[PDB]
Amino acid sequence: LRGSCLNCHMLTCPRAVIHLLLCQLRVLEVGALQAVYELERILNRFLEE
Amino acid sequence: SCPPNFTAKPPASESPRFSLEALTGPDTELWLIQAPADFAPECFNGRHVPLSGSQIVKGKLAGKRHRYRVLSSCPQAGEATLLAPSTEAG
Amino acid sequence: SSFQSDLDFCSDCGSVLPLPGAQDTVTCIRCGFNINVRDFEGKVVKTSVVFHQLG
Amino acid sequence: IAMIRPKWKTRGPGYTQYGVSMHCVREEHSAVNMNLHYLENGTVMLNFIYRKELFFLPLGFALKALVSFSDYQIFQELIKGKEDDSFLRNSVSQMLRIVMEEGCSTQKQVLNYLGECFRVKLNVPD
Amino acid sequence: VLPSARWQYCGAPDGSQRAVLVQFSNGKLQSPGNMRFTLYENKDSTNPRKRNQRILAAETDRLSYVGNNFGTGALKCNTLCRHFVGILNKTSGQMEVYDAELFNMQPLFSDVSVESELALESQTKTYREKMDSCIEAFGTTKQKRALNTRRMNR
Amino acid sequence: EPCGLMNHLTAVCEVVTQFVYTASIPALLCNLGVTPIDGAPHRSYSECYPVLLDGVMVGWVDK
Amino acid sequence: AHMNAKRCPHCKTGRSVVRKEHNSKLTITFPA
Amino acid sequence: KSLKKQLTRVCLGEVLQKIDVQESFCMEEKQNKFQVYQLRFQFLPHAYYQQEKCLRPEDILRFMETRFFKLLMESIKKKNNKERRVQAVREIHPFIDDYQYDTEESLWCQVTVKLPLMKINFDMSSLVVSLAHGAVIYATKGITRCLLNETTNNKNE
Ligand SMILES: [Zn+2]
Ligand SMILES: [Zn+2]
């Protein structure tokens, strides 16, 4: 309730944080410990774009 | 405002003039003498007190009380100031 | 008429003087007596702290 | 008993580790612990406990409520050994000034203020 | 020791025959400016307790002073010791010793009585009046004084 | 666990349990060189001792 | 790090500070 | 040996002999008035610390003129909010009125701080002595001292 808006009911994070951590958790469900940095490397150049 | 000057004393009353003098000069001077509470001041009258250092001064309590270390010292600029009755007014 | 004491206290009633502000007289709160602020110009504190003796 | 306790630093805003304890008993039927504390600006707070809870009073309020002396006379009793230590002189003039700043210029006004501030915890008749 | 003096306890034992010694709670004198000193004493001299109780007064041009011989304000060095005044003639070597009294003189002001009626100050609250014992006078600790301000802003 | 905390008196040691009137002792001290706490100590206080009689500050003594 | 009280980037209102108290009470402030 | 001299930390109180604070009230204007302090720092001779430190006295005085007075002005500013060399040190703050230093042999220096009359009062001697115990002239970061006096052998070498 602290880190979310109470009008539009969204998380007030930057969206890249949410999508990166979502994809990293999806990868860590299947134990692929390699790709949690690879996703970060993809998102940093995608936000540089 | 105004200074609260006062005389308001219901059971109390003033005191007249006596034989103390305010006459000062180069002949006499003052000495504050502090003594014990049970000290009889009359029984030094034929004895000699010092004015510097120490002296075991003979005295007369019931038998003898010659054990009296009389001390003497420079003034500490003590604020205890003598009030003498005036010579121009009683 | 006057008294001699510490200059951070009023000489007439012994009360604490307040700290000297913009004006040129410090007024005692209790007795109502004005202290000239030029009388503060006589103090020198002159403290000294040694760290290592010379000998 | 003058002692040093670092846990006293976690007790106020500028409390030091220095302080003088005191265990006062009255004819072996009362016992009250009390502490003076030292503050970094040379000010002394007076701890006292009433019904297992602590209260912190500046020293000038207690010293000004106990006697009908002038402020200069209370000053001369606190600097009495160390006449020339000007830090102590400024500190005890500041402690006497704290009470003056709160409109307590007599003993009776200090007693009135201290009875006003401690009547709820103290529970006298009204 | 070379200096000495012949003692002589002169002066009869009486109340105002005692010399009077004066202090002041606000400082040293350094200048006696037209201070009218007046010493009052009780009317009853027949009971030993209420006699030998005196009050010394002094009026300056701007503030007046009062000192007792008794009660709260008297000195412990009047009871635990006994003070004398030695008048010493340097020619005759005579120490005329008179009895002495020491007064500590306090400044006298008017009295205040306006807060006797003014005593009700939002007395409907009882434990919201507990905030008086949780401020810079009679504070409980740093925790209580820093936390009971506006209920930690909740 | 109670080593050094639960101590025992020696055979000669004893606890003061008698109670007396000490009304004569401060006047006795002032008959000696102890100046009363109101009176001037006749020396600098930096060359004097504070006197305490049972948590009552009696006066000051020339060292 | 990322779950903090911030301004909303979507509706652009101020940060409504939510406070817990005594593990039993949540209070919110209406922003201006 | 020069490395052991260069790695040992030196504090400011290690080379100070004494600090002479001299506060005087000075109301030189009809409106403005100031607390004129003066701070005579006095140092040991360098012969008392050639054997452990590597300081020449002018290096101490350059430390005083550059870093310590900036620390002192920052400290009084933190408490507040609730002949070409002499110019170069007086320009670091508006209130510093005068500077003196031993131009001959450099064992003393003397500022005059000259603060205004604030409402709160603090001890300038306490700040000066606390900073003089808290200041470091030079130190390698994270090293407090150094000792080469061990002559332990491994295989009798
Ligand atoms: Zn929103
Ligand atoms: Zn006054």
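Reading the values: the criteria
- Residues numbered from 1 in each chain as written, not as in the entry; some residues may be left out.
- Chains lettered and ligands numbered in written order.
- Part of a larger assembly, values for the part shown.
- Heavy atoms only, no water.
- 1 Å grid on protein atoms, 1.4 Å probe; cavity = no way out; pocket = protein on both sides within 12 Å on 5 of 7 lines; lining within 4 Å.
- Points joined across faces, edges and corners; volume = space filled by probe spheres on them.
- Nonpolar A, V, L, I, M, F, W, Y, C, P; charged D, E, K, R; others polar.
- Contact = heavy atoms within 4.5 Å.
- Buried area = accessible area lost by both parts, 1.4 Å probe.
- Salt bridge = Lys/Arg side-chain N within 4 Å of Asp/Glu carboxyl O.
- Polar contact = N/O pair within 3.5 Å; in protein donor to acceptor, adjacent residues only side chain to side chain.
- Helix = DSSP H or I, 4+ residues; strand = E, 2+ residues; numbered from the N terminus.
- Patch = residues over 30% accessible without salt bridge, like charges linked within 9 Å, V, L, I, M, F, W, Y side chains within 5 Å.
- Areas by Shrake-Rupley, 256 points an atom, 1.4 Å probe, with all protein chains shown as cover.
- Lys, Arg positive; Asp, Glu negative; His and termini not counted.
- Charge placed at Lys NZ, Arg CZ, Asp CG, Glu CD.
- Buried < 20%, exposed > 50% of the residue type's maximum accessible area, 1.4 Å probe, protein only.
- Donors = N, O, S within 2.8 Å, 3.2 Å for Na, K, Ca; no water.
- Tetrahedral: all angles 85-135°; square planar, octahedral: opposite > 155°, others 65-115°.
- Pairing = 2+ DSSP bridges.
- Axes fitted to C-alpha atoms, helices over the stretch in contact; angles between N-to-C directions.
- Parallel < 35°, antiparallel > 145°, perpendicular 65-115°, else oblique.
- Left-handed = near helix turned anticlockwise from the far one by under 90°.

- The deposited coordinates, according to the entry record, derive from cryo-EM at 2.7 Å resolution.

## Comments concerning empty space enclosed by the protein
All names here are of chain B.
Alright, step 1. Approximately 60 Å³ is the volume found for the largest cavity.
Alright, step 2. In terms of lining residues, the largest cavity is bounded by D38, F39, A40, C43, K60, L61, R65 and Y68.
Alright, step 3. Grouping the constituent residues of the lining of the largest cavity by class yields five nonpolar, no polar and three charged.
Alright, step 4. Empty space within the second largest cavity amounts to approximately 30 Å³.

## Some thoughts on the interface of chain D and chain C
Alright, step 1. On the chain C side, the residues contacting the 13 residues of chain D number 14 residues.
Alright, step 2. Summing both sides of the interface, chain D and chain C together bury roughly 1100 Å²; the carbon and sulfur share of this comes to 62%.
Alright, step 3. Counting the surface chain D buries against chain C, the share from its top three residues, D:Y72, D:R97 and D:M100, is 46%.
Alright, step 4. At the boundary of chain D with chain C, the tally comes to two salt bridges.
Alright, step 5. Of the charged contacts in the structure, one is a salt bridge between C:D8 and D:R97, with a shortest N-O distance of 2.9 Å.
Alright, step 6. Across the contact surface, chain D and chain C share seven residue pairs in polar contact.
Alright, step 7. Elements with a contribution of two residues or more to the side of chain D that touches chain C: α2 (71-78) and α3 (86-101) of chain D.
Alright, step 8. Take the side of chain D that touches chain C: its biggest share by element is seven residues, from α3(D).

## Some details on a positive patch on the surface
Residues and elements named next belong to chain E.
Alright, step 1. Side chains of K125, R128, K144, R150 and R151 sit close together on the surface and give a patch of like positive charge.
Alright, step 2. Checked against the element boundaries, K144 lands in helix α1 (residues 142-147).
Alright, step 3. With relative accessibility at 40%, the residue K144 sits in the partly exposed group.

## As for the arrangement of the chains
Alright, step 1. Contacts are most numerous, across the 11 pairs of chains in contact, for chains B and E.
Alright, step 2. Between chain A and chain F there is no contact, and the shortest C-alpha to C-alpha distance separating them is 49 Å.

## Points about the coordination of the zinc ion (ligand 2)
Residue and element names in this part refer to chain C.
Alright, step 1. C10 (SG), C13 (SG), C28 (SG) and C31 (SG) make up the full set of protein donors to the zinc ion (ligand 2), lying at 2.4 Å.
Alright, step 2. Classification of the site at the zinc ion (ligand 2) as tetrahedral follows from its four donor atoms and the range of 99 to 133 degrees in their angles at the metal.
Alright, step 3. One chain supplies every donor to the zinc ion (ligand 2), and in sequence these donors are spaced C-x2-C-x14-C-x2-C. With a gap of 18 residues between them, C13 in the segment before β1 (25-27) and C31 in the loop between β1 and β2 (34-36) connect regions that are remote in the sequence.

## Looking at the sheet that holds strand β4 (residues 44-49) of chain D
Backbone hydrogen bonds are what pair the strands of a sheet, in a parallel or an antiparallel way.
Residue and element names in this part refer to chain D.
Alright, step 1. Taken together, five strands build an open sheet; the order of strands is β1-β2-β3-β4-β5 and the sheet is antiparallel. For this open sheet the edge positions go to β1 (2-4) and β5 (54-58), each flanked by a neighbour on one side alone. On average, adjacent strands in this sheet sit at an angle of 30 degrees to one another, irrespective of strand direction.
Alright, step 2. In this structure, β4 lies alongside β5, joined through five bridges in antiparallel fashion. Bridge pairing links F48 to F55 in β5.

## A word on the interface of chain E and chain B
Accessible area lost upon the coming together of the parts is a frequently used measure of interface size.
Alright, step 1. Taken residue by residue, the interface counts 55 residues in chain E and 44 residues in chain B.
Alright, step 2. Across the contact surface, chain E and chain B share two salt bridges.
Alright, step 3. Measuring nitrogen to oxygen at the nearest pair gives 3.4 Å for the salt bridge that ties E:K28 to B:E79.
Alright, step 4. Across the contact surface, chain E and chain B share 23 residue pairs in polar contact.
Alright, step 5. Among the secondary structure elements, those contributing two or more residues to the side of chain E that touches chain B are β1 (4-8), β2 (19-24), β3 (36-42), β4 (54-59), β5 (64-68), β6 (82-89) and β7 (94-107) of chain E.
Alright, step 6. Ranked by residue count, the leading element in the side of chain E that touches chain B is β6(E), at eight residues.
Alright, step 7. Along the lines of polarity and charge, the residues of the side of chain E that touches chain B split into 32 nonpolar, 14 polar and nine charged.
Alright, step 8. Bridge count between strand β6 (residues 81-83) of chain B and β2(E): three bridges; the pairing is antiparallel. Bridge assignment links B:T81 to a residue of β2(E), and that residue is E:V22.

## Comments concerning the packing of α2(D) against α3(D)
Residue and element names in this part refer to chain D.
Alright, step 1. Taken N-terminus to C-terminus, the directions of α2 and α3 make an angle of 140 degrees; their axes are 10 Å apart at the nearest point. One way to sum up the angle between α2 and α3 is to call them oblique. Here α2 runs over α3; the crossing is right-handed. Across from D71, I74, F75 and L78 in α2, the residues of α3 making contact are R89, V92 and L96.

## A closer look at the coordination of the zinc ion (ligand 1)
Alright, step 1. On the protein side, the zinc ion (ligand 1) has A:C5 (SG), A:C8 (SG), G:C8 (SG) and G:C11 (SG) as donor atoms, found 2.4 to 2.5 Å from it.
Alright, step 2. Viewed at the metal, the four donor atoms of the zinc ion (ligand 1) are separated by angles of 94 to 145 degrees, and the geometry they form is irregular. You can see A:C8 sitting in the segment before α1 (15-29) and its partner G:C8 sitting in the segment before β1 (18-21), one on each of two chains.
Alright, step 3. By relative accessible area, which is 27% here, A:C8 ends up partly exposed.
Alright, step 4. By relative accessible area, G:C8 is classed as buried at 3%.

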